[PDB]
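K.L.:
Please see the structure below; I have some questions.
Any read-out appearing in this document is the output of simple, stated calculations on the displayed coordinates, not a laboratory observation. Here the Cβ positions follow ideal geometry from the backbone for every residue, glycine too, while neighbour counts run over all protein chains shown.
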Amino acid sequence: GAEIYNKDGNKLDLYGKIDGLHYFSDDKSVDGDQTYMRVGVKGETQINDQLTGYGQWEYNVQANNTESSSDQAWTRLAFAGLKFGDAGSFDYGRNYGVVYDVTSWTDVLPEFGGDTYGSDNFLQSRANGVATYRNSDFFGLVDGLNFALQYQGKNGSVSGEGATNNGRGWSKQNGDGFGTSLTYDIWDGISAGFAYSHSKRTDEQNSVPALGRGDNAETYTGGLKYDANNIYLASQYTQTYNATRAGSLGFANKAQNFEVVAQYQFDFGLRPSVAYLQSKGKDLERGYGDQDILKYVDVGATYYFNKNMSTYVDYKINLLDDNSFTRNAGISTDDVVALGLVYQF
Amino acid sequence: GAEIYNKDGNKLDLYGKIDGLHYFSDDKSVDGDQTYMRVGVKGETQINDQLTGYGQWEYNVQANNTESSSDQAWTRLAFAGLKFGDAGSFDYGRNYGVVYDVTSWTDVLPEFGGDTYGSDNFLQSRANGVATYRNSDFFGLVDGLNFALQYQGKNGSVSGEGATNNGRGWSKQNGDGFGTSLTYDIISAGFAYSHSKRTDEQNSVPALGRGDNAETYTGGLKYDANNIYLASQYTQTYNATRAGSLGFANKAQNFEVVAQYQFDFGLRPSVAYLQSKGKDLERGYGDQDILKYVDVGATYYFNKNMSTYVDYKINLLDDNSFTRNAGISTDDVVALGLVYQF
Amino acid sequence: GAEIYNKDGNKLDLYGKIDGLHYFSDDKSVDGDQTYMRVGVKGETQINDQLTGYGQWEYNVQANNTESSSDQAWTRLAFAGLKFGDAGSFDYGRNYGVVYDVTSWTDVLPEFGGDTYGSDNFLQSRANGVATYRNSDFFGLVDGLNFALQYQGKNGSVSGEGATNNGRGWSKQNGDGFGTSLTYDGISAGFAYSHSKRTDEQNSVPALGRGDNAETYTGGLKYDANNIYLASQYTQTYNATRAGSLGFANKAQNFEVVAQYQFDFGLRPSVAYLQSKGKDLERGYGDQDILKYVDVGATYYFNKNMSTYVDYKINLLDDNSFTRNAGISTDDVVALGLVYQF
Amino acid sequence: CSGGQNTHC
C-alpha cells in the first residue's frame, strides 16, 4: 500500500481500491451495477529489538446504491496483536479463520470463486472474536513449516437463553470452537496444506432451520499449490459435517467441496484463468436426499497496466440444474459476466 | 487537497472539509443544527508517458444527530478511469451526469442553490453505473471545445419483474439512457442533452408523471473575469423533474441566474435567483411552481483552508394545495457556517 | 497522533486506535466480544501571526458484529473553530459539554468508569450544536485560570410541534441551554454549571421526571504529580440524570473517585469507586441507587503506540424491582484489551 | 448511551 507515516519506530500504511464493476446476468438479483471500494490501514510499531506490535483495519463501502440507502458499509478486518521475535505472534479481533489458510489458495479468481463457504461461517472465513496464535518455522525446529491455533468465543442470538452482546441470526451464530492449520513447502513452488476446525452449535441452529441437526460442526481441508515459472496451479478438497449452509434452508449434514484453479501470467500483463468449483450435499432432511449446492466453471482473464491499475473480465458458467431444492433454498442457477476497472492505492 | 503520498509515479490526494452549520427557519424539518463533514481521496497513476489511470472516492458523514441514529453516512462519488493522453478519457462508477457539466455554473452559492434538480435523478446529478467518455479540444479539431459522452445502465426496483441487484424506489429508478454535453470558451457557452427510459414502476406507482422517455435540454452562459462572476442556465425537461413526493412533472422549465463579486480583502457577496415551473400536471393541478426563491449571501475567506459565510434564502413560493400535498417548503431559511477545508 | 501533512501553514494530524476487547460477564447483554476501533483527523491553519483556524473529526466503528448488521459506525466529534491569539477561542459543532471539563478528571479508568452520565445528555458529555467560547488565563486578570462559556440549540422530536431537523427520542432531546466552567491551579480545582430547557416530550412520555429546567452543579479536585493521580468529583443534578429506561431522576447525587499510580516499567494499576443515588422518584420508587460499583484494574504500556489492560468491575447494586424495570445491570464484568494506537 | 470515553451499550 501507500506508506504515509514512518517516525519514532511507528509506521502507518494506507491501502485500498476502487472497483468499477458491472454484472451481466439473467438473474435479477445479481444483474446490474456492482461498484464498490475498500479502504484500510495497517500499522506496526517497534517496541524493542525482539518485540513488535501491529494492528490492521479493513473497511468496505458499497457505491452502487442511492445516497438514501442503508447498510452500505461494513468492517471486514479489525485486530491488534504482538509479534515475539521469531517465537510466534498473537492477535485478537475480527480476523480470518485458520481454514482460510488452506482454502485461500484457490481464491485467486478475477471476480468469482471462494463461494463454497460463507463469511461468518464458523472458522472457514472472516469471523468475530478469534484469538489466533501463529508460529512460523515450527519453533525453528523445521524450516518452512507454518503452524497456527485459533479459539473463538460464542456468538449467540440477539435475545433469549443463549444470547450475547452481539446477536445474530442462526445462519451466523456459533458456540465455543477451535481450529488448527498446517502448511509446508516441500520445495520451491510446490506447497501442501491441511486444516481442521471444530465448533459447538447453538440451540437455534438445531431448532429454527429445517435442515441440519447435530451437536458439533467439523471441517477437514487439504490443499495443494504450485506457484512458479509464471504458472499458478492450486486445488483444495473439503469435507464438512453440519457446517455448510444449504442455501437459506439451514445446514447440510454432510458436504464435500472441491475447487481447482489454473492460471498463467503473460509477459505483457495478461493473466488468463480457468477454474472449476463444486459443492455436494448429502443426507439432507425433508426428503431432499443428496443435492448439489454449488457447481460452476469459471473462465476469465486479467490485464495489469501496473501495480496500481488493472482491468478484468470474468465469465461464470453455471452448471446447476433447476429443481425444487434450488428454488426453495434460493440458489442461483444462471450464468454471470463481470467487467471491472480497478484503481489500487 | 492535501497530497499525502507521491512515489513511483502514483500520487494520493486526501481532501475534505468540516462544516459547522446552523439553519434558522420556521420550517421545523430544516431548522436546527446541520453539522456535517466530507472526506475523500483522489488518486492518479502514471502508466506510461501517454497513458494515465486515476480514481476518486467521496464520502459524506452527517454529524448533527445522536450516536444511536441510523443512515448518517453515504457515498457521493466512486469511480475509476483512464486517460489516453490528449485523445480523451473514460471512467466508470458513481459519477456526475453530463447535464451537471452545464448546470454547475450556477451551483456556486454559499449554502443553497443547485436544487432545481436532485441527486440520483436520471443524468442531471450524481448517478449510479454511469460510463462517461470525456474529450478535451474535441479530438484534433477546434481548440477550447469540450465534448462528453455518457451511458447509464438500468437501476430497477427492489424486487419484482424489473428488479436489479441495487433496488430503489420509483423516485430514483431509471432505464437505459445516454447523454451529451458541449462547452466552449468564446465567456463560456454550453449545451447539454439527455435521454433515458422510464421504468414500469415509475409509470404506475406515483400519481403524477406518465411517459416512456425522460428528456432534458440545457443551455448555459458564464462570465468569469476581473473578480466578477456571472452565470445562468435554462433547462427544459420532459418527465424528468420531481414534483415533490407526488411523482414527476410532464413538462418543466428551470431557470437560474447568479451574480458574484470578489473583493480584494476576502469578501465575496453573491446574489442569485432560481425558479422551476411545472406544466401539464395530472390530478387537475395544471401549472404549478415547483421552486422559486431569491438567494442573498456573502462569504469571507480567511485563507484557502478556513472560511465562513452567511446565506439568506427569500422564499417566494405561495402556500396552496399542491405545495402541501407534495411536501414543498415555502419558508425562508438563514444559514450560518464555519468551514475548515483540508 | 501521526502528522501526515504540514505545508503552507496548514497541518493535518491523523489519530485513532484499534481495540481488541472481550467481556466476561454473567449478563448476556454485555458478555462476549467487544472489538471496535476509532479513527479521526485534526487540522490547524495559520491565518496570520495572531489568528488560527482548526477543525477536528472523530469517528467510531464497531467490528464485533457480522458484515450484514446495521448501525455499527457513528460520529463522536465534529467541529470547526478559530483562535484569537490569547483573547480566547470559539468553535461550533458536535463537541464536549462544559461539564466534561471537570468530570473528565475522574474519567481515566482502563475500560469502565465515567458512566454516571451519558452521551447526548444535555451538557454533560458530547452534544449536538454546541457553541463554545474558551478563554485561557482569564483574559489577563490572572494566570493559570481556564474559563469557558457554551450555548446549545434545541434538539427536538422527530415530528410534531417541538420537532427539529435532527429528531430523536425523549432520552436525548433538549431545549435551549448554556453552561460555564472554571478550573484553577499539581493540585487543580474545577467547577462547572449548566442549565437547559426540557422539551415537552420529556415531561409526558416517560413515567419518571417532571420539571421545566435541567440543572447541573459539579465540583472537582485533582492531584497529578510524582507519578500519582488522585481525582474526585461530586455532582448534583436536577431532572438531568437518566434513571435507566424509565425516565429522569428528580434529584441525583453522583460521586466518583479514582486513584492511580504509574510504575517505572509501564504498569499503571488503578482503583476507583462510583455511585449515583436518585431521590424523589415517582411511581412509589422513592430513593434508589442508579449506579454503585468498585472498579479495580491495571494497564501496561509497551510504548506510546501499544498497550494492554485488564479491568474488573465489582457491581455493588442489589437486584430489585427498580433495577429490573429500568434495565440496570447488576453483574460483575471483566474486560481484557489489546490496543494499538496510531 | 454512556459517558464520553469508552462507550457502553
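K.L.:
For a Förster distance of 22 Å, can you work out the FRET efficiency between the beta-carbons of B:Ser70 and C:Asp27, rounded to the nearest 0.05?
P.N.:
0.30
K.L.:
Here's something else I'd like to know. Rounded to whole Å and ordered largest first, report the semi-axes of the equivalent ellipsoid of the range A:232-345 derived from its Cα gyration tensor (root of 5λ). Write out the running numbers ahead of the final one.
P.N.:
Numbers: eigenvalues 226, 45, 28 Å².
Working from the Cα gyration tensor, I get semi-axes of 34, 15, 12 Å.
K.L.:
Just from the alpha-carbon atoms, what are the Rg and Dmax of the protein assembly as shown in angstroms?
P.N.:
30.4, 88
K.L.:
Please name whichever of C:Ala326, C:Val39, C:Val98 sits farthest to the positive end of the charge dipole of chain C, dipole taken about the Cα centre and charges placed at Cβ: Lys and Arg +1, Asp and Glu -1.
P.N.:
C:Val98
K.L.:
Place the peptides A:228-235, B:132-139 in order of packing, highest mean first, counting for every residue the other Cβ atoms within 10 Å and averaging per peptide.
P.N.:
On the way: A:228-235: 14.9, B:132-139: 16.5.
Sorting A:228-235, B:132-139 by mean packing, highest first, produces B:132-139, A:228-235.
K.L.:
Using R₀ = 22 Å, calculate the FRET efficiency as 1/(1 + (r/R₀)^6) where r is the Cβ-Cβ separation of C:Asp332 and D:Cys9; round to 0.05. Can you show the working numbers first?
P.N.:
Details: r = 16 Å, r/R0 = 0.73.
The value I calculate is 0.85.
K.L.:
Tell me which residues come under 5 Å, amide H to amide H, from D:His8 once H is placed; ignore anything under 5 positions away on its chain.
P.N.:
D:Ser2
K.L.:
Next question, about the same structure. What average number of partner chain Cβ atoms lie no more than 10 Å from the Cβ of the residues making up B:309-322? Write down the numbers at each step before the final one.
P.N.:
On the way: counts 0, 0, 0, 0, 0, 0, 0, 0, 0, 0, 0, 0, 0, 0.
The per-residue average across the peptide is 0.
K.L.:
Using r as the Cβ-Cβ distance of B:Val158 and A:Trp187, and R0 as 51 Å, what FRET efficiency do you calculate, to the nearest 0.05?
P.N.:
Numbers: r = 54 Å, r/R0 = 1.06.
The computed FRET efficiency comes out at 0.40.
K.L.:
Using the Cα centre of chain B as the reference point, and only Cβ charges (+1 on K/R, -1 on D/E), how large is the resulting charge dipole? Debye, rounded to the nearest 20. Don't jump to the answer; show the numbers that get you there.
P.N.:
Values: 28 positive and 42 negative charges, 97 e Å.
That gives chain B a dipole magnitude of about 460 debye.
K.L.:
Give me the percent of Cα-Cα pairs in chain C that sit more than 30 Å apart, rounded to a whole number.
P.N.:
Details: 24363 of 58311 pairs.
Every Cα pair in chain C considered, those over 30 Å come to 42 percent.
K.L.:
Right, something else. What are the ³J(HN,Hα) couplings of the range A:226-235, residue after residue, when phi is run through the Karplus curve with 6.51, -1.76, 1.60 and θ = phi - 60°? Round to Hz, x for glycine and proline.
P.N.:
10, 9, 6, 6, 6, 10, 10, 10, 7, 7
K.L.:
Of the options C:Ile4, B:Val61, B:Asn305, report the single residue whose Cα projects farthest towards the positive end of the charge dipole of the protein assembly as shown (beta-carbon charges: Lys, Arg +1; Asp, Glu -1).
P.N.:
Value: B:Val61.
K.L.:
Additional query: For the range C:1-72, count all C-alpha to C-alpha pairs, find those more than 17 Å apart, and express that count as a whole percent of the total.
P.N.:
Values: 1545 of 2556 pairs.
Summing the P(r) of the range C:1-72 above 17 Å gives 60 percent of all pairs.
K.L.:
Treat each spin label as a single point 7 Å out from the Cα along the C-beta direction, and report the A:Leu319 to A:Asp176 distance in nm.
P.N.:
That separation, rounded to one decimal, is 4.3 nm.
K.L.:
Still on this model: Taking all pairs of distinct Cα atoms, average 1/r, flip it, and tell me the Kirkwood hydrodynamic radius of the range A:92-213 in Å to one decimal place.
P.N.:
Values: mean 1/r = 0.0635 Å⁻¹.
Taking every pair of different Cα atoms in the range A:92-213, averaging 1/r and inverting gives 15.7 Å.
K.L.:
Running Debye on the range A:1-154 with equal point scatterers at the Cα sites and no solvent, what base-10 log of I(q)/I(0) appears at q = 0.11, 0.15, 0.17 Å⁻¹?
P.N.:
The Cα Debye sum returns log10 ratios of -0.58, -1.01, -1.22.
K.L.:
Right, next: Taking θ = phi - 60°, what integer Hz values does the Karplus form 6.51 cos²θ - 1.76 cosθ + 1.60 yield along the range B:214-225, in sequence order, with x for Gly and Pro?
P.N.:
10, 10, 8, 10, 9, x, x, 9, 7, 10, 9, 6
K.L.:
Taking 0.36 nm per intervening residue step and subtracting the Cα-Cα distance, what contour gain separates A:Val299 from A:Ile47 on full extension? Spell out each step's value before the answer.
P.N.:
Numbers: separation 252, 0.36 × 252 = 90.72 nm, distance 4.70 nm.
Gain on extension, A:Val299 to A:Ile47, equals 86.0 nm.
K.L.:
Over 25 Å between C-alpha atoms is what I'm after, so list which of B:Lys83/C:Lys11; B:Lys17/C:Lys7; C:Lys197/C:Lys277; C:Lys172/C:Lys292; C:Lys154/C:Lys251; C:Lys11/C:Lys154 land there. Kindly include the intermediate steps, with their values, before the conclusion.
P.N.:
Numbers: B:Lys83/C:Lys11 32 Å; B:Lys17/C:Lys7 17 Å; C:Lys197/C:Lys277 23 Å; C:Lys172/C:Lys292 23 Å; C:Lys154/C:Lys251 23 Å; C:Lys11/C:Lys154 34 Å.
Beyond 25 Å: B:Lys83/C:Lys11; C:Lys11/C:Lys154.
K.L.:
So, one more: Under 8 Å for C-alpha pairs, at least 6 residues apart: give me the relative contact order for the range C:1-155, rounded to a whole percent.
P.N.:
Values: 318 pairs, mean separation 21.4, N = 155.
Relative contact order, the range C:1-155: 14 percent.
K.L.:
Would you be so kind as to identify which of A:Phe122, A:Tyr15, A:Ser25 lies farthest towards the positive end of the dipole of chain A, taking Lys and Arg as +1 and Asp and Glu as -1 on Cβ and the Cα centre as origin?
P.N.:
Projecting each Cα onto the dipole axis, the largest value belongs to A:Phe122.
K.L.:
Okay, next question. For the range C:239-342, what does the relative contact order come out to in percent, with C-alpha contacts under 8 Å and a separation of six or more?
P.N.:
Relative contact order, the range C:239-342: 22 percent.
K.L.:
Out of residues 5 or more away from B:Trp170 or on other chains, whose amide H comes under 5 Å of its own, with H placed 1.01 Å from N in the peptide plane?
P.N.:
So B:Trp170 has HN proximity to no qualifying residue.
K.L.:
How far apart, in nanometres, would the label points at C:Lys279 and A:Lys254 be if each is projected 7 angstrom from Cα along the Cα-to-Cβ direction?
P.N.:
7.3 nm
K.L.:
Would you give the gap between the C-alpha center of the range B:167-234 and the C-alpha center of the range C:213-255, rounded to a whole Å?
P.N.:
Centre-to-centre distance over Cα atoms comes out at 57 Å.
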